[PDB]
Every structure is written in C-alpha cells, then in structure tokens.
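Below: one structure, written as structure tokens.
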C-alpha cells in the first residue's frame, strides 16, 4: 500500500569494536536512519540483536541489527519477524553487495545470496524463502573467489569509504521516500544515484 | 610416535580480525611457524595459508584458513583430502569459551561449543568429530547473546598477556608432542595456568 515493508534489517558482524568493515554496510544504513529519527537501538537478547521502532508517514517500521555471528543472522530476523508476525516479503535486508561498486545502491526483491553468509542464512531461516526485499549497498568485487572473505572483512580505503558513506546517506533518503511514496518511486530515485 | 599430521589454526582473515579472540588458534600456528622459520604460502585451492614444518624429524603441515570462519571446513577438507589426512590425524587449534584466559588443553572429539568454525569443520569432515583440538581458553561473556561480539573483540591488555603465555606454552607442548608424544605433551600442558 504501495510500500510493503515492516522490518528493516541491517546486517553486520558484532565486532570488532574498532572497525568500519565493508561487511557492516547494511547496519550503517539502519544506524543512520534511526539516528535521524531519534530511535535508540536497544539490545533485545530474545531477538539476538539491536532493535528499534520508527514511525514514518504513520507506518510502523521495526529495525534490527543482528548481533549474532553473520552466518546466524537468519536466527535474529526469524525470531523477530515470528514474534511480530511479519512475513518474508514484508522484510527488507540492507547488506553489502559485491555486484555493485562503492558509491552505488539498489533495491531488489528476492534473488540469491551471492556468497553473502548473512543473506544465505536469512533465506534458510525464513523457510527457504528468497522473496524478502534487499537494499544492496555496493562495495565492489575483489576479483577472486578465495579472496572474498578477506575483502568483505576489510576496511575500505578512505576515498572509497566516502563513496560508501554517500550511498548510505542516499539509501536512507530513499528509505524515507519509500515510506512516503512507495517502492517504485524510491527505486527510481536510488538507481540513478552515483556518489559525488 | 604420535597421531598428528595437520595442525589447523582457525581464524578470520584480515588485519581487522588478527588480534580478535576468535583468532587464537591462528596465533598458535603463526608462532609455531615463526619458530621453525617457515613462511606460510597462500594456496587458493586450499582456501588458506599453508606450510610444512619439520619438528623433531616429524612432518607437520600447518594451515590457517582465510575463508569466513564459518566456512573453515572448506579449507581443512580440501587440504586433508589432497594430502590423504584423516580427521583423527588433524589437530584444530581454536579459542575456547569454556576455559579461562591463561589455560589451554588438548582434547579428542566433542562438539563445537557454539564455535562456527568448529561447527563447519565437523560438517565438512563428513560429520566426523574425532579430530583433535587445541582448546585455547579465552573466557566467556556474561550473556549468551554477547558471545559473537565477545569473540570478535580484542582482549584487554592484561588478559592478552595470559593469552600470549598460553599460546607460547601450547607451542612448546606441540614441540614436545612431536618428540615425546601426546601423553607427555598433554601432561605438561594441562598443568599450565598463566598467572
């Protein structure tokens, strides 16, 4: 109506403390959306993550950043969406996307996990359903297969982190636009964005 | 005479993860390899860094996977299968929640203990749990739900000293294992407690 989304999830590793690693991109979007809407994300052990509720254009939007292992992110998502009776196609998972360069971002419903250990676990723990939405935040692709974990668990160099941060900012605006004008208008704005 | 042909040190790859508790097992391998002057080689077919050490004239292969921790079994199984090494001949070094910092133990078998690396290693080794472990105590946080954050954090300095002493003693005992065998290695290691 015309925006089906009730849960926004931001995937990230629960540490280290010290580092803005590419694998945590999704969480940066949820943190910035929350900050802007004065939501304080609170630990909620029952959902194995940090949670909040926003109200945007009078639509309730729950937010989650799992604090499980990345490969058990599905446990957090399913625990909360079961609790509040949110369906898979009502969930949007924001995550780092190897298929797009730094500074680009896209909305999509369904698809594969693309080697993303969080996405893969989410599909499984949602009863093998891929039709949840994704917010794909581009981080570039290292080249090789075997180098993928080292890439995603590394810190983007500073100029590249700017592109990422710009895409986080636009993705938040487009999430707001999504809550106000629906999914199609939101995508149509976000997919023509390109950092700086 | 002793059962171990492959020593694995579980680890997340990269500089940001190198000093995290979840990497304790790689500290053991990296220190053993430094002492024996071997530079680990990246072998993409094995999803990790690997070497061969000569210790008391035994051959010990070493491996530190550079996959996600939860895909550690890919590296171990690819290497084990290549070199024809069975699970009972593999020692996996890993951070152990149920033991305090400053303590380390050898063990054969058991479950994964929530450790996502151990879990995948069991699965990729055909659901065989009977590989040896070098359990490196890192303690646990007060709440179950903090465990991932705990292991992916760096131990504070005093605590890291205990960890480093236990890495060092584990290395000495791995050398003893190769000279005097498991029972003697184990008797020595299991009376160690860094204070």
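In chain B, numbers come from Swiss-Prot; the residues present are 2-196, in order.
Keep in mind that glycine also has a Cβ here, set from the backbone N, Cα and C atoms.
Site annotation (Swiss-Prot): tRNA is bound by B:18, B:69, B:71, and the candidate from B:43, B:96, B:117 recorded at this site is B:117. Among B:18, B:69, B:71, B:117, the residues given in the record as binding tRNA, the maximal Cα to Cα distance rounds to 15 Å.
Note: residue B:69 (tRNA binding site) has non-local neighbours B:13, i.e. same-chain residues 6+ apart with C-beta under 8 A of its own C-beta. Under the three-state DSSP scheme, residue B:117 (tRNA binding site) falls in the helix class.
Sequence-distant neighbours of residue B:117 (tRNA binding site): residues of the same chain at least 6 apart with a C-beta under 8 Å from its C-beta are B:70, B:71.
With a 10 A radius on its CB, residue B:23 (active site, proton acceptor) counts 25 other CB atoms from all the protein chains.
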